[PDB]
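Architecture at a glance
Below are the chains, spelled out letter by letter.
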Amino acid sequence: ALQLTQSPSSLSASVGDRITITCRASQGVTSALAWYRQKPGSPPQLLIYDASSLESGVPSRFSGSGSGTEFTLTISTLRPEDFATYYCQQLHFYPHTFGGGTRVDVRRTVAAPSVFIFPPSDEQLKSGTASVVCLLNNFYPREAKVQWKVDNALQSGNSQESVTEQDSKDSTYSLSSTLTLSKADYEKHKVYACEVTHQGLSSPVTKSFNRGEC
Amino acid sequence: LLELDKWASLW
Amino acid sequence: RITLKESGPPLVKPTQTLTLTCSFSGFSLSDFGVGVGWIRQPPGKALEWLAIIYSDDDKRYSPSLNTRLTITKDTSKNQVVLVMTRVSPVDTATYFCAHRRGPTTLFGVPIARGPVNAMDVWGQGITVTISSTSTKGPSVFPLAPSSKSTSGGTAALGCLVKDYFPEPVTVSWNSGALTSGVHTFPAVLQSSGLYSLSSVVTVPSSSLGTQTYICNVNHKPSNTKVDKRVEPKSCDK
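Scanning chain A for helices and strands turns up two helices and 20 strands. What you see for chain A is a C-alpha radius of gyration of 22 Å, clearly larger than the 17 Å of a compact globule of 214 residues, by over 25%. Along the longest, intermediate and shortest principal axes, the C-alpha atoms of chain A span 70 × 40 × 30 Å. In chain A, buried positions account for 48% of the 214 residues. Put simply, of all contacts in chain A between residues at least 6 apart along the chain, 58% involve residues at least 24 apart. Put simply, chain A shows about 9,400 Å² of open surface, and 45% of that area lies on carbon and sulfur atoms. Taken together, the 19 basic and 19 acidic charged side chains of chain A have centroids lying 2 Å from each other.

So, about the sheet that holds strand 20 (residues 214–219) of chain C. Sheets are built from strands paired through backbone hydrogen bonds, the pairs being either parallel or antiparallel. Residue and element names in this part refer to chain C. The strand order across the open sheet formed by three strands is 16-20-21, and the pairing between neighbours is antiparallel. The outermost strands of the open sheet, each flanked by one partner alone, are strand 16 (170–173) and strand 21 (224–229). Between one strand axis and the next, the sheet turns through 15 degrees on average, direction left out of account. Bridge count for strand 16 against strand 20 is four bridges, and the pairing is antiparallel. Bridge pairing in strand 20 places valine 171 opposite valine 217.

Attention shifts here to the domain arrangement of chain A. Residues and elements named next belong to chain A. You can read the domains of chain A as domain 1 (1–107) and domain 2 (108–211). Contacts between the two partners involve seven residues from domain 1 and, on the opposite side, eight residues from domain 2. Summing both sides of the interface, domain 1 and domain 2 together bury roughly 570 Å²; the carbon and sulfur share of this comes to 34%. The interface formed by domain 1 and domain 2 includes zero salt bridges. One can count six residue pairs in polar contact joining domain 1 with domain 2. Counting residues per element, the side of domain 1 that touches domain 2 draws most heavily on strand 12 (residues 102–106), at three residues.

All right, on to the interface of chain B and chain A then. With six residues of chain B at the contact, the number on the chain A side is eight residues. At the boundary of chain B with chain A, total buried surface from both sides reaches about 620 Å², with 58% on carbon and sulfur atoms. On the surface where chain B and chain A come into contact, there are zero salt bridges. Considering only residue class, the side of chain B that touches chain A consists of three nonpolar, no polar and three charged. Here two bridges tie strand 10 (residues 93–94) of chain A to strand 1 (residues 3–4) of chain B, and the two strands are oriented antiparallel to one another. Across the sheet, residue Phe93(A) finds its bridge partner in strand 1 of chain B, namely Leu4(B).

On to the domain arrangement of chain C, then. Residues and elements named next belong to chain C. By domain assignment, chain C separates into domain 1 (1–132) and domain 2 (133–237). Placing the centre of domain 1 and that of domain 2 at their C-alpha centroids yields a distance of 40 Å. At the interface, four residues of domain 1 touch four residues of domain 2. Counting each side, the surface lost to burial between domain 1 and domain 2 is near 290 Å², with a carbon and sulfur contribution of 46%. Counting across the domain 1 and domain 2 interface gives zero salt bridges. Along the contact surface separating domain 1 from domain 2 lie one residue pair in polar contact. The residue makeup of the side of domain 1 that touches domain 2, split by class, is one nonpolar, three polar and no charged.

The next subject is the sheet that holds strand 13 (residues 114–118) of chain A. Residue and element names in this part refer to chain A. Judged by pairing direction, the sheet is antiparallel, and its four strands sit side by side in the order 13-14-18-17 without closing on themselves. Every interior strand has two partners, whereas the edge strands, strand 13 and strand 17 (159–163), have only one. The sheet shows a mean angle of 15 degrees between the axes of neighbouring strands, taken without regard to direction. Across nine bridges, strand 14 (residues 129–139) lies against strand 18 (residues 173–182) in antiparallel orientation. Bridge pairing in strand 18 places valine 132 opposite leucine 179.

About the cut-offs
In this document, every chain is numbered from 1 following its sequence as written, which may not correspond to the numbering used in the entry; residues for which no coordinates exist are not shown. All chains are assigned letters beginning with A, and all ligands numbers beginning with 1, in the order in which they are written. The basis for the side-chain values is all heavy atoms of the structure; hydrogens and waters are excluded. Here a strand is any run of E in DSSP of at least two residues, a helix any run of H or I of at least four, and the numbering for each starts at the N terminus. Radius of gyration here uses only the C-alpha atoms, and the compact-globule reference equals 2.2 Å multiplied by the residue count raised to the power 0.38. Relative accessibility decides the category of a residue: with a 1.4 Å probe and only protein chains considered, values under 20% of the type maximum give buried, values over 50% give exposed, and everything between is partly exposed. Contacts are residue-level and defined by heavy atoms, with any inter-residue pair within 4.5 Å sufficient. Here the open area of atoms and residues is found with the Shrake-Rupley method and a 1.4 Å probe, where only the protein chains shown may cover a residue. Charge counting treats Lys and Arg as positive and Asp and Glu as negative, with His and both chain ends excluded. A charged residue contributes its charge at one atom only: NZ of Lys, CZ of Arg, CG of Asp or CD of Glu. Note on pairing: DSSP must find at least two bridges between two strands before they are called paired. To get an axis, a line is fitted to the C-alpha atoms, and for a helix only the part in contact is used. The angle between two axes follows their N-to-C directions and goes from 0 to 180 degrees. Residue ranges for the domains trace back to a domain assignment, done automatically or taken from a database. Two parts placed together each lose some accessible area; with a 1.4 Å probe, that loss summed over both constitutes the buried area. Salt bridge, as used here, is a side-chain nitrogen of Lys or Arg placed within 4 Å of a carboxyl oxygen of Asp or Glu. By the criterion applied in these results, polar contacts are pairs of N or O atoms within 3.5 Å in which, for protein atoms, one can donate a hydrogen and the other can accept it, and in which residues neighboring in sequence qualify only through two side-chain atoms. Each residue is assigned to one class: nonpolar for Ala, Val, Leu, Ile, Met, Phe, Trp, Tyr, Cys and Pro, charged for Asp, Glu, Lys and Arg, and polar for all the others, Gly among them.

What follows is the structure, encoded as structure tokens:
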């Protein structure tokens, strides 16, 4: 079974930069490798076919290289419209396979998130469920980890995360993590904590409340 | 053994 | 020059059959070696290859879905159809049809493989959701600003918009007068099969005493509109 591995899976850069993305195939696919750019809300757009052939109408800054198991896409001079996700696809074997994608975003100085925690509202509690919300605001780079602990018990499988698109003005992201519990369960415990790990923090930051301390 | 593309054998 | 457009139902129930149609112009499926393929993209995920049909009625399917997939064509209608049986929520995705070129030919006989090695024109995509859920308007709950939501002179607040179907919901703040520092998050699909999202805003802690904050929520499919005022908890006053 054929695997295509794209690297890096994420990278940041600045207008005018030169960047390189690579695709490795678990088996030789000769020259049967295409590269695509996809912007949010849009279909993929072909850049390079047959590993190195520039698709008609595609800007000359794009180039492809390689044959067999190892392939590269190069953008000589990054333009604003090139911040996007890139995919490779091999067409030598059925099934045709896509790589996992490489997200290219706007680079800026590292920014630690501001972390806020929100208890469930009395209104929600009236209806039988409790949502606890952790907000990570205005951080960069995008990678971040959130752990929930309820009275020191690690929570697994009962939270969901949502992340914004990169901000057009300050180039940051924000993320919300939502912990869901029954009213009954929420009221049996006291300390609600989310622990945040991010490159901009010297060490993981914890925000919590104690609903038993009033 | 993976199946070859329609055109894998064409020059 | 070449154009493709997908059509089909936006919503299908589990165990049912999904039929998608691709209508195209600019090429003909009787052109030697031409293909029309289908690819899908699950929300937040990568591209996934589904199937391809060629001008000679040669067809290929993703091995892990070949029991549920059927591809067909009508050359005089410039249409290709993809049929997927026994759908489940795992099949929620945006579905793309796409064109594959045939080989370089001279006198109608192929001289070069090159051009075939890509899907060169894609359709815009069609979003299909698989769900057994019924239309339902959201409940709106507040995310109250607090000491636990402060950053020196900056506070965060918000609205939690819970348990709606289907998408989408729109949120503004103060009837549109507040836009700065607003973050409206993409919806998540909950275990219940219902969506939920949250919108937050950062404001000056000093304003909390005087300025009023209201999130306006509109869920058009259920004709539900809600104005939710969000204020400090009593202890923070």
